[PDB]
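Report on one structure; see the data block that follows.
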Amino acid sequence: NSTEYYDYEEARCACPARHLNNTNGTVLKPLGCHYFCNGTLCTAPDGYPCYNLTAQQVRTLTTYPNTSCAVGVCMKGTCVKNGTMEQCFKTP
Amino acid sequence: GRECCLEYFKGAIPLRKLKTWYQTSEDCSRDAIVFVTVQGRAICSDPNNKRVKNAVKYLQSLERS
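Note that the protein sequences, when read in sequence, are chains L and H. If you read the first sequence in the working numbering, its first letter stands for residue 1247, the second for the next number, and so on. If you read the second sequence in the working numbering, its first letter stands for residue 253, the second for the next number, and so on.
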């Protein structure tokens, strides 16, 4: 399609994003399914892992494994919880 | 590691502005090479792409220590 150019939108979203750590040796996961690259709002691809925390819960996050975080999978920019809970925390 | 790549930059690696590079944590779901420009832009790349593999092979001395 000569009239359509998606590469710029994708290139704008190819920056690393902060992920939270956990204690049971699973992959690092971001808070929800959106992230910012140089001010641009970006959405994680469908199937990407995520943590789903309410706003209250987000305030209780520390650098220690004292928060139980619901694991989810990204779908259309929503972190769909899958039932797994793990102790997640911020990495200094 | 604090950060992981969710997408790969498919374009041309910006060699003229390149300053350092690193490989994200093994606990990231997507294995990635991150190129960092002099102004600090960080660019996720596919470690299996031929141009990325060659760039990290000959630009070994640029790797984050």
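Using N, Cα and C, we set each Cβ at its ideal position, and we do this for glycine too.
Distance CB(residue i)-CB(residue j) smaller than 8 Å
i	j	result
residue 1291/L	residue 1325/L	no
residue 277/H	residue 253/H	yes
residue 1266/L	residue 1275/L	yes
residue 1323/L	residue 1272/L	no
residue 1257/L	residue 296/H	no
Which residues DSSP lists as bridging residue i, in chain order
i	result
residue 1327/L	1318/L
residue 265/H	Beta-bridge pairing links residue 265/H to no other residue.
residue 1280/L	1289/L
residue 286/H	274/H, 296/H
Proximal residues of chain L, C-beta to C-beta of residue i below 8 Å
i	result
residue 276/H	1262
residue 303/H	Under the 8 Å cutoff, chain L gives no residues; its nearest Cβ is about 14 Å from residue 303/H.
Residue i burial status per 10 Å Cβ neighbour count (16 or more: buried)
i	result
residue 255/H	buried
residue 1301/L	exposed
residue 1318/L	buried
residue 261/H	buried
residue 1295/L	buried
residue 1254/L	exposed
Interface partners of residue i on chain H, CB under 7 Å
i	result
residue 1273/L	279, 280, 281
Closer than 8 Å at the beta carbon, the chain H residues around residue i
i	result
residue 1253/L	262, 263
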